[PDB]
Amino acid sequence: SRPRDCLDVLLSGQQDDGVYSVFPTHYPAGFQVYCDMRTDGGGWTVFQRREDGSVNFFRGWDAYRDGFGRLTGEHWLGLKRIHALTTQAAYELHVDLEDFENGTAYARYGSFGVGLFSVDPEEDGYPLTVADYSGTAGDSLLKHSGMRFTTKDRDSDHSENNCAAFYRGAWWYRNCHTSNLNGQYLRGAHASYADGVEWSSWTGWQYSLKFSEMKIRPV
């Protein structure tokens, strides 16, 4: 009765999409998550969802560490929880996207982790590990591999300015991004440059997507 993630939940015989308790190896108090039990056989732990612009994603370091929003709607699970999940086994990442024309695409990454070898993942800036792309959305994440997480109030990017401030989001920014899924909910085509919910490989630098979901499952 102590599943470590949504795959453990599924394999214990819980087949319905919804909110479940999980207990990562180094987070034994555990916490609630949204489980996707449908995509590619199910067992995905959601850590990010955009769908309606109801939640402010232009938040500081503490909010991105601790999480915000609601599991049933738009949310960010929190980097401390994403670290606890991704360090306990080898995980893949699934990213579901939707445009405002009801077009959908996905990106799959064979390996995904946050601060995997960091003694203090918070001080080390929750650095991204990501490799092995496949899917229909194209790759907009591999160039982010190795980058620390940057917020408007904590700059660990490779730009002379703050990428999070400039592109109004929070991400593993380099100089600055190919993806920006925590960017502003600008609702489709926008004149502003690359500061919406962007996945450059699918819809370019000036299209804020309607829906994103980022979720993990052990390989």
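All residue numbers refer to positions in the sequence shown, first residue = 1.
As the entry records it, the average C-alpha temperature factor is higher for 1-9, out of 208-216 and 1-9. Mean CA temperature factor is higher for 156-164 when stretches 30-38 and 156-164 are set side by side in the entry. You'll see in the entry that, of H75, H94, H144, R81, the Cα B factor peaks at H144.
Placement of the Cα temperature factor of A170 within the chain: lowest third of the modelled residues, per the deposited record. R187: CA B factor in the highest third of modelled residues in this chain (values from the PDB entry). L128: CA B factor lies in the middle third for its chain, per the PDB record. In this PDB entry, the Cα temperature factor of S200 sits in the middle third of its chain's modelled residues.
Looking at the C-alpha B-factors along this chain, the one for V119 belongs to the middle third.
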